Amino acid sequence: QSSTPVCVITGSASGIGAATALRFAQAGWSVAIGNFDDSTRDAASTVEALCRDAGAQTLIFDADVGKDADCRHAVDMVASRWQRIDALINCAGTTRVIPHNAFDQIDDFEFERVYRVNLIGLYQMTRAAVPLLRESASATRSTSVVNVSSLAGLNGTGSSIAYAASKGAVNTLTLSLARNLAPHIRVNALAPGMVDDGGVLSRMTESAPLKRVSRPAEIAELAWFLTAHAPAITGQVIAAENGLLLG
């Protein structure tokens, strides 16, 4: 196996996942960059170029995490290259903006579409990685799963009620996974508030007590911290939302 630790990142073509691949690359880790499909591949290739410039060994895998076979194939590709997985950051996700009071404009199709990526896909990726995650834990150090949830899962706001529901499920799923994968693997979730992937900006900033929005790099820092420097933290949902929970 490789003598350098390995991080697997789904949703790695953009946003939080892209920023997280870069942060692990800056730490010297090898990064498995999870690309969605042909529409995201150019972005993924730029992420890979930046991670290599940061000094990391890289590989790109395609996976629709809603398909269990795609999750298994992705882990097989990582296993063949480095024979270890030290962290999995589940950033793959989807939504569609639908007002929560427009009951007539959402349907079961959309509840399932969002749940398939955000919850089932997140579980399937984690399950596929568990054997290597457990094997890569040492006598003294546990490995790390980080689930990107949302403030929406905590308080029922967000882009749609189907999105909020799926993130509430992610929060609870994180608890089960933490309980059942202890002591070798720690499992935590992150609950970002407003994130600017680069008027709308000035409206998000004023409503927040901290009078700012988050950039993806901050969420990457939290994923890195939970992985590298938090051996006692498991089963938590960490909210990084610029004070919105305070009102």
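Residue numbers run from 1 along the displayed sequence.
Does the entry skip any residues of the deposited sequence between residue 198 and residue 199, and if so, is it 1 to 3, 4 to 9, or 10 or more, or none at all? Gap between residue 198 and residue 199: 10 or more residues without coordinates.
137-145 or 161-169, whichever carries the higher mean Cα B-factor: In the deposited entry, the stretch with the higher C-alpha B-factor mean is 137-145.
Determine, for stretches 150-158 and 78-86, which one has the higher mean CA B-factor as deposited. Averaging CA B-factors over each stretch, the winner is 78-86.
Quiz for you: based on the deposited Cα B-factor, which of 222, 189, 178, 59 is highest? In the PDB entry, the greatest C-alpha B-factor among 222, 189, 178, 59 is found at 59.
Split the chain's modelled residues into thirds by Cα B-factor; is residue 73 in the lowest, middle or highest one? It falls in the top third of the chain.
Tell me, lowest, middle or highest third: where does the Cα B factor of residue 100 rank within its chain? Residue 100: CA B-factor falls in the middle third of its chain.
Modelled-residue ranking by C-alpha temperature factor, third containing residue 17: Tercile = lowest for this residue's CA B-factor.
Compare the C-alpha B factor of residue 204 with those of the other modelled residues in its chain, then answer lowest, middle or highest third. According to the entry, residue 204 has a C-alpha B-factor in the chain's highest third.
If you rank every modelled residue in this chain by C-alpha B factor, which third holds residue 49: lowest, middle or highest? According to the entry, residue 49 has a C-alpha B-factor in the chain's highest third.
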